[PDB]
């Protein structure tokens, strides 16, 4: 089964938080399961958001499994500076309009296609 999770972390109603990529761009938080998660997807999602962005989230919703990563969305209810020195060295998270965020996830192939699919699932109309 999938061994990684990720999150679409919203800033208010209309923007999405992103964290710096390794090519001077922007990505969504995602990562592998940790033993502390106990195999629980929601726990992994919340831990990833906390570790990569300093994000605390409200209720989360499952979006789907894209690129062998389990994706949720949630709205950020608290933001703090990340404590991991390696995360801090990448630099501050930022929030962007949904359109800008979609652009920042577009065209990167396997590096971000699942992130893009998660963003689109999170913002799909009904």
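Residue numbers count along the first chain shown, from 1.
Judged by mean Cα B factor in the deposited record, 74-82 ranks above the other of 74-82 and 23-31. Legend: mean Cα B-factor per stretch from the PDB entry, 11-19 versus 113-121; the higher mean is in 11-19. Per the deposited record, the Cα B-factor of residue 42 falls in the middle third when ranked against the other modelled residues of its chain. When the modelled residues of the chain are ordered by C-alpha B-factor, residue 94 sits in the highest third. Residue 61 sits in the lowest third of its chain by CA B factor, as recorded in the PDB entry.
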